[PDB]
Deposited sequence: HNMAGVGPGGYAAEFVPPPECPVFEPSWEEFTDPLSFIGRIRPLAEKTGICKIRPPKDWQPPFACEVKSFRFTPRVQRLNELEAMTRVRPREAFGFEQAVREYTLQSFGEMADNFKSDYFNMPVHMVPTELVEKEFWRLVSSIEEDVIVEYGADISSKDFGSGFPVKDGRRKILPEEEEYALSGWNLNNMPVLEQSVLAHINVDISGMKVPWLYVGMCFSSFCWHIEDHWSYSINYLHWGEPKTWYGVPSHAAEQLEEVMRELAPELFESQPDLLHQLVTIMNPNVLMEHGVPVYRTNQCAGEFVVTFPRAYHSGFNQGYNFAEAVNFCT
């Protein structure tokens, strides 16, 4: 059965260290760049309100077949495996909790994170059991607003929430403009509504950017990270073991299907670290740090690429 990778670093900044995100990330860099990902727990009294327009939040999540890659005599009428469904935040959550409690035969919060992790990787490699989930992924914060309060006049901000609209840890206030000569000659956060087993495969960011992720609420998001010094090692293991039909694809396309059990990387000498990102916690990914993960249950995350 699956062997959990070692835990990535977790930082608990004091109020003083919490003042400036770029300064803090710069200070922790000597350790965190050696693990690829790290977790940051804000001070206990730092609790931004959830600011999305919830009544109008409607979306059609994408369908994910956990074993699609291992499952490569074509099946009868392939391409029509699942019906299309639109949800609200509420109806997706009801669907998500029902799925998970039915799958594990227990209340959703009683399922151990280690068990969901073990079962996720078993299902990904299983050809006898076909599990299909849904992921509200890559929803633009322009659509229904950010999960953070924003002083753009589209939604009311209470006085005690203004500090969150102005916080440097509000993902809308991260620097996103890369320096270039072209910038003189001449992005917003994305939202992720997860359910149990919904997942993202191994990838790095465009321009090898940093990224930061905040889990607004819900069950944890489980991460795996590889430090940038092992990027070529991971890419070589992928080339050796990925399906030949996809081996020659450019990286931007190959990264759509680069699912790989962390133990396979670890067996080939790739350092891998893990974490469970819980509600109210940040995950930072460092430049060219490969990362992948899956959701433990119904949750809501916001992410953006930033530059230093």
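K.L.:
Could you list the ranges of the deposited sequence that have no C-alpha atoms in the model?
P.N.:
Absent from the structure are positions 1-13, 86-88, 203-208.
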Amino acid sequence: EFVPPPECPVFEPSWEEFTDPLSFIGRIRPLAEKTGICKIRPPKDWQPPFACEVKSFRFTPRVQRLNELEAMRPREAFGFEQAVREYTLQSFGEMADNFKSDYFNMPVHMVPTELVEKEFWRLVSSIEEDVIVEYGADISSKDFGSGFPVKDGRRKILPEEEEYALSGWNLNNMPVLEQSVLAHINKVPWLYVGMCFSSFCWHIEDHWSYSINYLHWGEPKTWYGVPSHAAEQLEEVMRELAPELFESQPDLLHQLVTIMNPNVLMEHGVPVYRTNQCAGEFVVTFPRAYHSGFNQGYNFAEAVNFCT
From here on, numbers count along this sequence of modelled residues.
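K.L.:
Are coordinates for residue 185 absent from at least a third of the other PDB entries that model its neighbours?
P.N.:
Residue status for residue 185: gap in at least one third of the other entries.
K.L.:
Mean Cα B factor from the PDB record: higher for 41-49, or higher for 28-36?
P.N.:
The entry gives the higher C-alpha B-factor average to 41-49.
K.L.:
Is the mean CA B factor in the deposited entry higher across 193-201 or across 93-101?
P.N.:
Comparing averages over the C-alpha atoms only gives 93-101.
K.L.:
Among the candidates 216, 221, 118, 184, give the one with the maximum CA B-factor reported in the record.
P.N.:
That would be 184, according to the entry.
K.L.:
Compare the CA B factors listed in the entry for 61, 280, 262, 269 and report the winner.
P.N.:
Out of 61, 280, 262, 269, the record gives the largest C-alpha B-factor to 269.
K.L.:
Quick one: classify residue 171 as lowest, middle or highest third of the chain based on its Cα B-factor.
P.N.:
CA B-factor rank for residue 171: lowest third.
K.L.:
Comparing residue 294 with the other modelled residues of its chain, is its CA B-factor in the lowest, middle or highest third?
P.N.:
Lowest third, going by the recorded CA B-factors of the chain.
K.L.:
By the record's CA B-factor, is residue 165 among the lowest, middle or highest third of residues in the chain?
P.N.:
Middle third, going by the recorded CA B-factors of the chain.
K.L.:
Please place residue 87 in the lowest, middle or highest third of its chain according to the CA B-factor in the PDB entry.
P.N.:
Middle third, going by the recorded CA B-factors of the chain.
K.L.:
Looking at the temperature factor on the CA atom of residue 225, which third of the chain's modelled residues does it land in?
P.N.:
As the PDB entry reports it, the C-alpha B-factor of residue 225 lands in the lowest third of its chain.
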